[PDB]
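Asker: Make a model of this:
(2 chains, ligands or ions: 1)
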Amino acid sequence: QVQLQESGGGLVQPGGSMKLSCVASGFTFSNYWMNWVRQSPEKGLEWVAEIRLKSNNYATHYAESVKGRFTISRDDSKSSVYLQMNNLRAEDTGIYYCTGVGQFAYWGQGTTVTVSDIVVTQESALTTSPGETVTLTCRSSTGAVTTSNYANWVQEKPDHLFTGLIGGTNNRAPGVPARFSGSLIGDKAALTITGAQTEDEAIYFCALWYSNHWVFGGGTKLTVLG
Amino acid sequence: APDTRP
Ligand SMILES: *[C@H]1O[C@H](CO)[C@H](O)[C@H](O)[C@H]1NC(C)=O
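Answerer: Residues are numbered from 1 along each chain as shown, chains lettered A, B, ... in the order given. Below, you will see the structure:
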């Protein structure tokens, strides 16, 4: 059982600063890149920052929304990743998660921060029933989705509980049920549940990689009726 | 490419 645990959030005013921490266990932390991703009040996921390995001189990349204001760092001896946030804005309000591994397999519970142009498109909602086959899709505004976009699929269950299902287009994350599979179909990335189950009622997000950053889709609300 | 390590 891998565990990630974020801390340091709270209730702050615009212009202020805050440092988030995340402690990792159950995997070789120092061998994987780590990311911060945030979920805003409008429920959408936004990739914030990544940090690479010691062998990459701890190289970092940021979303344009936070560049120059946020700093990602890590301490491999403490199995920890950090996010220093300066000049906070109302739009930085959200739940902040640390996440990584192939490429978003593991997520912490999140820490809430309240401060007071590629588009990836997914179906808003799909309805299925137990035992059916349902396919969710993920379109890029740049053109066809290819294996060079390293499509990931992540499931959100109630109470902001995120689990990576698929990375690298079609690689199932460890312990993920066999009914989930990833594909490319008609120039879009796709997640298929072959024999949907009642517990699969959830929100499913895709993320696509564009050379040096991720863009998350808006998510698909899957209802499983009957 | 991203972190492609399994
Ligand atoms: C994919 O990413 C991992 C990150 O550690 C390795 O650097 C691997 O070598 C990468 N693939 C290629 C072809 O360089």
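
Asker: Need the three-state assignment for residue A:169.
Answerer: Three-state call for residue A:169 (DSSP: H, G, I helix; E, B strand; the rest coil): coil.

Asker: One more: residue A:91?
Answerer: With three-state DSSP as the criterion, residue A:91 reads helix.

Asker: Sticking with residue A:71, tell me its helix or strand.
Answerer: Using DSSP states H and E, the element containing residue A:71 is strand A:70-75.

Asker: So what are the sheet partners of that strand and their directions?
Answerer: Using DSSP bridges, strand A:70-75 pairs in its sheet with strand A:80-85 (antiparallel).

Asker: Pull the residues that contact the strand it pairs with.
Answerer: A:17-24, A:34, A:36, A:48-49, A:51, A:66, A:69-75, A:92, A:96, A:98, A:113 (Cβ atoms under 8 Å, 6 or more residues apart in numbering or on different chains). Any C-beta I mention is one placed from the backbone N, CA and C, and that applies to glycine too.

Asker: OK, contacts around the residue of chain A found nearest the ligand?
Answerer: For chain A and the ligand, the shortest gap (Cβ to the nearest ligand atom) falls at residue A:53, measuring 6.3 Å. Residues near residue A:53 by Cβ under 8 Å, 6+ apart: A:30, A:31, A:32, A:33.

Asker: I'd like these written out as a markdown table, with neighbour count added.
Answerer: A markdown table is the format used below for those (neighbours: other Cβ atoms under 10 Å in any protein chain shown):
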| residue | neighbour count |
| --- | --- |
| A:30 | 14 |
| A:31 | 13 |
| A:32 | 19 |
| A:33 | 21 |
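
Asker: Kindly identify which of the residues you listed also come near chain B.
Answerer: Taking Cβ under 8 Å from any Cβ of the partner chain as the test, chain B is in contact with A:31, A:32, A:33 out of the contacts of residue A:53.

Asker: quick one, what contacts the residue lying closest to the last one once chain neighbours are set aside?
Answerer: What that stands for is residue A:33. Nearest residue to residue A:33, sequence neighbours excluded (Cβ to Cβ, 6 or more residues apart in numbering or on different chains): residue B:3, at 4.0 Å. The contact partners of residue B:3, by Cβ under 8 Å, 6+ apart, come to A:32, A:33, A:52, A:100, A:101, A:102, A:103.

Asker: again, but for residue A:190
Answerer: A:135, A:136, A:137, A:138, A:182, A:183, A:184.

Asker: Now name the helix or strand holding it.
Answerer: strand A:188-194.

Asker: tell me, how many neighbours does the closest residue to residue A:225 other than its chain neighbours end up with?
Answerer: Nearest residue to residue A:225, sequence neighbours excluded (Cβ to Cβ, 6+ apart): residue A:129, at 5.2 Å. Residue A:129: 12 surrounding residues under other Cβ atoms under 10 Å in any protein chain shown.

Asker: Wait, residue A:129 touches residue A:222, no?
Answerer: No - the pair residue A:129 / residue A:222 is not scored as a contact, 11.1 Å apart, by Cβ atoms under 8 Å.

Asker: which residues do those two both contact?
Answerer: Common neighbours of residue A:129 and residue A:222 (Cβ under 8 Å, 6+ apart) are residue A:196.

Asker: Distance-wise, check the residue of chain A closest to the ligand relative to residue A:152.
Answerer: 19 Å (Cβ to Cβ, to the nearest Å).

Asker: check contacts around residue A:215.
Answerer: With contact set as Cβ under 8 Å, 6+ apart, residue A:215 has these partners: A:47, A:118, A:119, A:120, A:207, A:208.
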